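Chemist: Fold the following, please.
(chains A and B)
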Amino acid sequence: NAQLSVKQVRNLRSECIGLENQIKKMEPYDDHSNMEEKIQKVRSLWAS
Amino acid sequence: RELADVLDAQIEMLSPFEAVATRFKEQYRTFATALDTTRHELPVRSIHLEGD
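Modeler: Numbers count the residues shown, from 1 in each chain, chains lettered A, B, ... in the order given. You can find the structure just below:
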């Protein structure tokens, strides 16, 4: 039980540190604030 | 990110048509009225001419 818990904790913080490293890295763009609003115009275009 | 990309792509697919669409549909309505008139003004009941 001790070794399986140790391995599971190792895997967990491995994928954890990978996740905040990509969170630092792979996000150089952020323009979500208009997103839903643009979707409104989108269906209007479709409606047209 | 991917949803914004595909949404942006369909924005440039959809945007230029909306400005021309109003003029296009009005002139299509007028020309379809003209087509209705010219279809409604073709009398065809004749043979090789006798009299007039």
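Chemist: which parts of chain B sit against chain A?
Modeler: Contacts of chain B with chain A, taken as Cβ under 8 Å from any Cβ of the partner chain, map to B:1, B:4, B:7, B:10, B:11, B:14, B:15, B:18, B:21. For the C-beta atoms, the positions are set from N, CA and C on the backbone; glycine is no exception.
Chemist: now, which of the residues you listed sits nearest chain A?
Modeler: Nearest to chain A among the residues of chain B next to chain A is residue B:14, at 4.3 Å by Cβ to the nearest Cβ.
Chemist: residues in contact with the closest one?
Modeler: Residues near residue B:14 by Cβ atoms under 8 Å, 6 or more residues apart in numbering or on different chains: residue A:45.
Chemist: Name the nearest residue to whichever residue of chain A sits closest to chain B, ignoring sequence neighbours.
Modeler: Residue of chain A nearest chain B, by Cβ to the nearest Cβ: residue A:45 (4.3 Å). Leaving aside its sequence neighbours, residue A:45 sits nearest to residue B:14 (Cβ to Cβ, 6 or more residues apart in numbering or on different chains; 4.3 Å).
Chemist: and the residue nearest the centre of chain A, what element?
Modeler: Nearest to the mean C-alpha position of chain A, by Cα atoms, centre = their mean, lies residue A:23 at 7.5 Å. Secondary structure from DSSP states H and E places residue A:23 in helix A:2-25.
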